[PDB]
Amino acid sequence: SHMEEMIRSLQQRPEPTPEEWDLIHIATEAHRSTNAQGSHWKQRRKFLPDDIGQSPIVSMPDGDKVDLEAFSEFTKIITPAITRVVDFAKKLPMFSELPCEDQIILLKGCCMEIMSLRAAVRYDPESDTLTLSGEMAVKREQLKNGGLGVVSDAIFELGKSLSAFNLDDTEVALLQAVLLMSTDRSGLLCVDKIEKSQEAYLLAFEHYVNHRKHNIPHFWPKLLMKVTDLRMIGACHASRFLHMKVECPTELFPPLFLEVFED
């Protein structure tokens, strides 16, 4: 119609449908309500003491040793972080309608990818830090030494690169939904349904990116490459986590940390 054309005049690319907007809204709010500190993180966060995370002392196969005190500081806050990822997922109808067993497999599969993304989007260029759970600002050396090794470097590089993308809450939430609804896991019951849901999220996300009209070119494929980086981060972490368990006693690992990162 005449009105439709007028308002779509500076549009070419497909916008989200009404159905996709509903999808977008629900996921955005699911993320906002489960993202620690929300909009206030920069003010409310405290730096991890400079004297912590400078003392790698426990051996690892790749030679990047672990600072036990720093590892402990990190693991002490990881349970509420994992919990919020579970909280986010439960708020998406296409996730909550899956069998309980599939939900668990999907959460285990994407948990590090999502937490890494949530750290990365809170990279602060001025202090050169990530913020963990909206409350703990950490330097590259600290996060490296406290257990992550080269995974820290990868997350910092992702965070630095994401600054220019200027992602909003919706884009972060849709990335999380896409990571969550991956069928690259063993033992799933409802593979076709999960794939259909990821396809629905991907198309809604592509259309939202169109709606946003970012100033950087090739935004959509660029964002997809970032998903691939997040996958590599998740994989490197899973491998390193196996080594952590070989080296250190169970008592240093919070129960949920152990459960979610099971091989």
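Take the two forms, superpose them, and find the largest set of C-alpha atoms that agree within 1.5 Å; that set is the rigid core. Residue numbers here begin at 1 and follow the sequence given.
With each structure aligned by its rigid core, the stretch whose Cα atoms sit farther from this model in 4 other deposited structures of this protein, between 28 to 36 and 196 to 204, is 28 to 36.
In at least a third of the other compared PDB entries of this protein that cover both flanking sides, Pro56 is left without coordinates. Here 235 to 243 and 10 to 18 are compared by their mean Cα B-factor, and 10 to 18 comes out higher. Legend: mean Cα B-factor per stretch from the PDB entry, 147 to 155 versus 132 to 140; the higher mean is in 132 to 140. Listed residues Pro125, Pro80, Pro99, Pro93 were ranked by CA B-factor as deposited; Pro125 comes out on top.
Remark: of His31, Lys196, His214, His207, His214 shows the highest value [criterion: C-alpha B-factor in the PDB entry]. Sort the modelled residues of the chain by CA B factor and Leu188 lands in the middle third.
Remark: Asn166 belongs to the highest third of its chain, ranked by C-alpha B-factor as recorded.
Compared with the other modelled residues of the chain, the Cα B-factor recorded for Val58 ranks in the highest third. When the modelled residues of the chain are ordered by their C-alpha B factor, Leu224 lands in the middle third.
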